[PDB]
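As structure tokens, one chain now follows by itself in the form deposited in one PDB entry.
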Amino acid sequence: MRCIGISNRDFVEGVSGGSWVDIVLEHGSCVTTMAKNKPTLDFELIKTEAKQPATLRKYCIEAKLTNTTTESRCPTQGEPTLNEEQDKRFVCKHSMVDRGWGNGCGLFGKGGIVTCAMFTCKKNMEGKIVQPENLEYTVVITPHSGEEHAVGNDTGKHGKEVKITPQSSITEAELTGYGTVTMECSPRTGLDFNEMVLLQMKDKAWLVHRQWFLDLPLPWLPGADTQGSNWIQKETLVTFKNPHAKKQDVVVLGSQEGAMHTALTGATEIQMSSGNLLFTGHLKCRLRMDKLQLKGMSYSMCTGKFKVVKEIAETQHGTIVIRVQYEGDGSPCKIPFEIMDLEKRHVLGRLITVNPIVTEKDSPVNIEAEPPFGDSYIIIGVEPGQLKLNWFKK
């Protein structure tokens, strides 16, 4: 009954006769399944975890320059030299500046100069490769028990969590008291994980095209890298200036964090917060129910009377939910329930919370049902003090 209240809720039924139904689950979605003489079940995808992906590449988005050093020669004395030209942590550039008596040389002319500065990354983002085969999904299965506190309860302590791995065969789920259900889920698509990259910048994350990702004009490190200091193409976050031929300067280019966010505007978002998976694709599972059975079909219709404990309320999909309490001494018994026409002559609506049964004299029971458009009567209990509640839909 976890789904009652969610608006992105889908109602699914199987092929008449068969005991297998196919459903699709996406974060933020909810699915209510039904089948002849089978308990109604609610399904919700709680999490999508990718177990250790490959780091295609690592980009620097904010850096710092330090230990600037420089060397220079006089006209006709060749190029200057710095050992830092070999230290892969440093970025360098050669250039010319004016020279002559006033600054040390015997000749006036252009003399070589070389400037180097240590480049240290302060913030970085990673591109990872995800393969469908290894994506674990956590799904919560909550059956329509009618339990006092189950309507829309997200605590998860009414449902049964199951972990599923796409290409790791069938998964078995034991629903206490109802039997056992089976799920065969398919990874295959929503999108292709070969030409796409999962990009992570702290708690934010998107799925982007490989090409686009590989063409980002930022300093980088190969996926395999550990040291995290020998960045390739540091020049992309650096700027060398020698405007008047007097001296050469180097300055960092400033955090690209936002520029990135701005360029990722049109990209598929995965999550903005630590534990708020937004999208993840559509998970398809085939549900087997031959080993699933209704609960209490050994009972007899109660004979006593009921009291409305929580007035009839309509959900965002036209179904109604009501909560009644038994006052009869029948103990474990089936609750009489039917939706009749204005004159109580013919039956018009169906139960979603099929096989409503009391379990304890004082444990109220929730019943979801689908009345017909227009007028109808909700008849609860049997004759002596039988509840006859009128309702109008949509």
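Just so we're on the same page, rigid core means the largest C-alpha set that superposes within 1.5 Å between forms. We number the residues from 1 along the sequence you see.
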### Summary
Mean B factor on CA atoms, stretches 81-89 and 295-303, record says higher is 295-303
### Message
Test of understanding: from the entry's C-alpha B-factors, which stretch has the higher mean, 138-146 or 286-294?
### Response
286-294
#### Entry: Most elevated Cα B-factor in the entry, residues 106, 190, 318, 109
190
#### Entry: Selection from 95, 274, 255, 153 [criterion: highest C-alpha temperature factor in the record]
274
### Query
Based on the entry's values, in what third of the chain does the Cα temperature factor of residue 51 lie: lowest, middle or highest?
highest
### Query
Among the modelled residues of its chain, does the C-alpha B-factor of residue 35 lie in the lowest, middle or highest third?
highest
### Task
Could you look up the Cα B-factor of residue 215 in the entry and say which third of the chain it sits in: lowest, middle or highest?
middle
#### Entry: Cα B factor band for residue 345 (lowest, middle or highest third within the chain)
highest
#### Entry: residue 57 by Cα B-factor - lowest, middle or highest third of the modelled chain
middle
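The same protein also has a form deposited in another entry, omitted here; what follows describes it.
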### Summary
Across 280, 124, 182, 248, the single C-alpha shifting 2 angstroms or more between this form and the one not shown with the core held fixed is at 280
### Query
Once you compare with this form, do the C-alpha atoms of residue 266 and residue 272 lie closer or farther in the other entry, given a change of 3 Å or more?
farther
### Closer or farther in the other entry, the Cα atoms of residue 6 and residue 276, when the shift from this form is 3 Å or more
farther
